[PDB]
Amino acid sequence: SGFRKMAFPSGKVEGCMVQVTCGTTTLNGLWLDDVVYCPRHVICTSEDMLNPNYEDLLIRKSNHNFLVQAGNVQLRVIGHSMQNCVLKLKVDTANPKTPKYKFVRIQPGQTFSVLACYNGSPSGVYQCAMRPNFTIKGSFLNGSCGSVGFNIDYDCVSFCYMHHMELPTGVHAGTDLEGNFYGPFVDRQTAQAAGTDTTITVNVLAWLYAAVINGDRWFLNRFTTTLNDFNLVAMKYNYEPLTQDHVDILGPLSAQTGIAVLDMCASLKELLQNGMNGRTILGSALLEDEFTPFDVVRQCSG
Amino acid sequence: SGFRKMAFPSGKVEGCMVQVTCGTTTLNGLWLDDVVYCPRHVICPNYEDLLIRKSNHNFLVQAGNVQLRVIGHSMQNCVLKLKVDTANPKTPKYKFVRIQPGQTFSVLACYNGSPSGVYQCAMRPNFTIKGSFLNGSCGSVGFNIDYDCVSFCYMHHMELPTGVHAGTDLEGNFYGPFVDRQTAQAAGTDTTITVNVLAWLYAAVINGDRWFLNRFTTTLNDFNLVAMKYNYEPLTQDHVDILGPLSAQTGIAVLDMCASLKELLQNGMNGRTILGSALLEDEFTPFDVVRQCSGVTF
Ligand SMILES: O=C(C[C@@]1(C(=O)Nc2cncc3ccccc23)CCOc2ccc(Cl)cc21)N1CCC[C@@H]1Cn1ccnc1
Ligand SMILES: [Cl-]
């Protein structure tokens, strides 16, 4: 019993965190095999950030300009290339602590763990989701750039995020491990704003199923809804449209609890209408949207 | 910017998790040097009588895909200490510490000696933890990392009928009035960790949330009279002193922040949130707020 926002054990990722320094800039890098991956803005100063020509800044750099540090050991950079917004620093030593890994690009609504690092040193781990507006509501201070987002499925670490910037609303933008940004974001200190955020509906439904599994049924009603009428109501509360894929993905949770997805949808409709009325659901006074159907099946069952 | 429930990096603890099996019972063990620590209920009650019937080879210990041979066994309160032939090479710098209610720690939840998740939680004033544990999680540990040293503070033993959890420090002493026995046990009436709510209000001010602030101040006694009415833990002078650095950083005196809390308790949030929450968060200590809003690394 119990429902917590649970991050994956960070151990496999901790053994990959290194410090990357180029001139005065110092951020984090991910050392996997003989390659260190880090945000390409490590080559930039604060001046360069307005309109940086990365190919032009990188062509002026040699291998020895990049000081890489794994613990108390300096790694020798033997090569460097750029893949989108990530810099790939070829080093002379392969990381002995390299785990089984994959680079995965996630879709909005997907959750992952973030190992927040400063100066190549892991300082904390937390769980978060890719918001529908392609930002993450993270906890990052200056020097956290290069901190990574990951999921561990079995023994394999699936890297899905590298931190690059904080938007003016305090939310964060980053890339996948191939340098492609999530969202219309760019690694430039230009006028960029996070789009209007929406609630991840499939996740709220999944979290309501977790509450039913944990014995909380106060929010259930005798009503059902059509997918279209639910989306008409959901859109008015800035909820993401629930698609037929979301309904299919919720199938196992619906079967386990005996509450049809559209029946749970009607509870959500009523919850949006009435609020909680001094009540909580899984110790929360707000509808939680940062637990996927897979997270619920993982934590409530296995 | 950003405020999340943040756990310590679990890596140093992951390298200590082993599987302990005695008969049909299977749970987790903490392998530190040549000893494996685990709940004494793995033998299951008269624990001296059940343990005297066990030999070393009855305890199957598994570190990954390697079986460890138990060469000895002793009991320290509610914890079983299984002496193994091999010292854990991944043993970190560590201490066994007993924590006080209100203090927080990270829990590395494990099943069959395999870490599956990490979360932050606080020792509730009623000595239970609002954790997330399924069957097979017994032996999962609570810890804080101070610089390079892992301070083990909790070993999970059981779940109470309200879904909350009970366990011991790493010396086998239970937190709270619990016993490792299938009997009528209930968690006492819980209270809100006041110093933690105040610390979390300071974190909201650091993150640019000032809607709840007012021009008012209060005396410690008047705040305690109000707090005791809402099942809040009494705020002591030590709490006031501990919140000093946050009071200096934000320019809001502790009794000034207490007046904000008093108004939130009597009036509510009014459709507003603080750090994305509609409830007053009490599972962040003043140190957690300082550590997260400074960037302390391990
Ligand atoms: O500019 C940036 C980083 C930046 C950014 O967002 N940083 C931060 C990240 N995470 C959390 C943060 C919390 C508090 C303050 C800053 C944070 C600044 C704002 O403008 C942008 C715009 C775009 C991008 Cl991709 C990056 C940034 N850096 C980081 C190194 C190199 C370079 C120039 N540089 C040098 C020395 N300090 C900064
Ligand atoms: Cl995905």
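Residues numbered from 1 in each chain as written, not as in the entry; some residues may be left out. Chains lettered and ligands numbered in written order. Heavy atoms only, no water.

- Per the PDB record, this model was obtained through X-ray crystallography at a reported resolution of 2.180 Å.

**Quick notes on the overall build of chain A**
Stage number 1. Scanning chain A from terminus to terminus reveals eight helices and 13 strands.
Stage number 2. In terms of overall size, chain A behaves like a compact globule, its C-alpha atoms giving a radius of gyration of 21 Å where 302 residues would be expected to give roughly 19 Å.
Stage number 3. Along the first, second and third principal axes, the C-alpha atoms of chain A reach 70 × 40 × 30 Å.
Stage number 4. Within chain A, the fraction of its 302 residues that count as buried is 56%.
Stage number 5. Looking at chain A alone, contacts between residues at least 24 apart form 65% of all its contacts between residues at least 6 apart.
Stage number 6. Counting every atom, chain A has about 12700 Å² of accessible surface; 49% of that belongs to carbon and sulfur. (Helix = DSSP H or I, 4+ residues; strand = E, 2+ residues; numbered from the N terminus. Rg over C-alpha atoms; globule rule 2.2 N^0.38 Å. Buried < 20%, exposed > 50% of the residue type's maximum accessible area, 1.4 Å probe, protein only. Contact = heavy atoms within 4.5 Å. Areas by Shrake-Rupley, 256 points an atom, 1.4 Å probe, with all protein chains shown as cover.)

**Here we look at the sheet that holds strand β3 (residues 35–39) of chain B**
Hydrogen bonds between backbone groups are what pair the strands of a sheet, and the pairing can be parallel or antiparallel.
Residue and element names in this part refer to chain B.
Stage number 1. Read from one edge to the other, the open sheet built from seven strands follows the order β5-β4-β1-β2-β3-β7-β6, with strand pairing classed as antiparallel. Two strands close off the open sheet at either side, each with one partner strand: β5 (66–68) and β6 (70–76). Taken pair by pair, the neighbouring strands of this sheet meet at an average axis angle of 30°, ignoring direction.
Stage number 2. For β3 and strand β7 (residues 79–84), the ladder comprises five bridges, and the chain directions are antiparallel. Bridging across to β7, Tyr-37 finds its partner in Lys-81. (Pairing = 2+ DSSP bridges. Axes fitted to C-alpha atoms, helices over the stretch in contact; angles between N-to-C directions.)

**Topic: the state of the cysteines**
Residues and elements named next belong to chain A.
Stage number 1. On inspection of all chains with the given rule, the structure shows zero disulfides over all chains.
Stage number 2. There is no disulfide at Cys-38, and the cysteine sulfur nearest it, in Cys-22, is 8.5 Å away.
Stage number 3. Assessed through its relative accessible area of 0%, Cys-38 is described here as buried.
Stage number 4. Unpaired in terms of disulfides, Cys-160 finds its nearest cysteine sulfur in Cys-128, a separation of 8.4 Å. (Disulfide = S-S within 2.5 Å.)

**Quick look at unusual backbone geometry**
Negative phi characterises most residues that are not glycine, and trans characterises most peptide bonds.
Residue and element names in this part refer to chain B.
Stage number 1. We note that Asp-33 has phi near 60°; this positive angle belongs to a residue other than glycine.
Stage number 2. By the element assignment, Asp-33 lies in the loop between β2 (25–32) and β3.
Stage number 3. A residue is classified by how much of its surface remains accessible, and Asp-33, at 35% relative accessible area, is partly exposed.
Stage number 4. With a phi close to 55°, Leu-275 is a non-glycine residue in the positive phi region.
Stage number 5. Position of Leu-275 among the secondary structure elements: in the loop between α7 (254–267) and α8 (286–292).

**A few points about the side chain of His-156 of chain B**
Residues and elements named next belong to chain B.
Stage number 1. By the secondary structure assignment, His-156 is in strand β12 (residues 149–159).
Stage number 2. A residue is classified by how much of its surface remains accessible, and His-156, at 2% relative accessible area, is buried.
Stage number 3. A polar contact of 3.0 Å, which involves the side chain of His-156, links it to the side chain of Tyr-154.
Stage number 4. The contacts of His-156, once residues within four sequence positions are left out, are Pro-39, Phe-133, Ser-137, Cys-138, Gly-139, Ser-140, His-165, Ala-166 and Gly-167. (Polar contact = N/O pair within 3.5 Å; in protein donor to acceptor, adjacent residues only side chain to side chain.)

**Focus: the domain arrangement of chain B**
All names here are of chain B.
Stage number 1. By domain assignment, chain B separates into domain 1 (1–14 + 93–190), domain 2 (15–92) and domain 3 (191–294).
Stage number 2. Here the C-alpha centre of domain 2 lies 19 Å away from the C-alpha centre of domain 1.
Stage number 3. Taken together, the contact pairs 33 residues of domain 1 with 24 residues of domain 2.
Stage number 4. Carbon and sulfur atoms make up 58% of the surface buried where domain 1 meets domain 2, a total of about 2200 Å² over both sides.
Stage number 5. The interface formed by domain 1 and domain 2 includes one salt bridge. (Domains from an automatic or database assignment. Buried area = accessible area lost by both parts, 1.4 Å probe. Salt bridge = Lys/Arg side-chain N within 4 Å of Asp/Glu carboxyl O.)

**So, helix α3 (residues 201–213) of chain A**
Residues and elements named next belong to chain A.
Stage number 1. End to end, α3 covers 19 Å across 13 residues, agreeing with the expected 18 Å (1.5 Å per residue, within 8%).
Stage number 2. Within α3, 12 of the 13 residues are buried, leaving the element largely enclosed by the surrounding structure.
Stage number 3. Considered for burial, the residues of α3 that qualify are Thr-201, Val-202, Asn-203, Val-204, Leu-205, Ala-206, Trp-207, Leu-208, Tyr-209, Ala-210, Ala-211 and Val-212.
Stage number 4. Buried residues belonging to α3 abut β9 (111–118), α4 (227–236), α5 (244–249), α6 (251–257), α7 (261–274) and α8 (293–300).
Stage number 5. Backbone geometry just downstream of α3 places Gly-215 in the positive-phi region, at approximately 85°. (Expected span 1.5 Å × (residues − 1).)

**Some words on the site of ligand 1**
Residue and element names in this part refer to chain A.
Stage number 1. Near ligand 1, the surroundings consist of 18 residues, among which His-41, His-163, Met-165, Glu-166 and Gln-189 are the closest.
Stage number 2. Contacts to ligand 1 include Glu-166, whose backbone N or O atom sits 2.9 Å from an oxygen atom.
Stage number 3. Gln-189 has a polar side-chain atom sitting 3.2 Å from an oxygen atom of ligand 1.
Stage number 4. Compared with its free state, where it exposes 730 Å², ligand 1 has 79% of that area covered by protein. (Near = heavy atom within 4 Å.)

**Remarks on helix α4 (residues 220–229) of chain B**
All names here are of chain B.
Stage number 1. Within the sequence span of α4, burial applies to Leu-220, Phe-223, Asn-224, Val-226 and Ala-227. Seen end-on, α4 carries its buried residues on one side only, within an arc spanning 165°. Summarising the geometry of α4, the exposed residues directed more than 90 degrees from the buried face are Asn-221, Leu-225, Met-228 and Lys-229.
Stage number 2. For α4, the secondary structure elements touched by its buried residues are α3 (194–206), α5 (237–242) and α7.
Stage number 3. The positive-phi residue at the C-terminal boundary of α4 is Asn-231, with phi of around 60°. (Arc of directions from axis to C-beta.)

**Digging into the interface of chain A and chain B**
Stage number 1. Taken together, the contact between chain A and chain B spans 40 residues of the former and 41 residues of the latter.
Stage number 2. With both chains or domains summed, chain A and chain B bury close to 2800 Å², and 53% of this area falls on carbon and sulfur atoms.
Stage number 3. The largest share of the area that chain A buries against chain B comes from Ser-1, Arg-4 and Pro-9 of chain A, three residues that together contribute 25% of it.
Stage number 4. On the surface where chain A and chain B come into contact, there are two salt bridges.
Stage number 5. Between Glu-283 of chain B and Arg-4 of chain A there is a salt bridge, and its shortest N-O distance comes to 2.8 Å.
Stage number 6. One can count 23 residue pairs in polar contact joining chain A with chain B.
Stage number 7. Elements with a minimum of two residues in the side of chain A that touches chain B: α1 (11–14), β9, β10 (121–129) and α8 of chain A.
Stage number 8. Among the residues forming the side of chain A that touches chain B, the class breakdown is 16 nonpolar, 16 polar and eight charged. (Nonpolar A, V, L, I, M, F, W, Y, C, P; charged D, E, K, R; others polar.)

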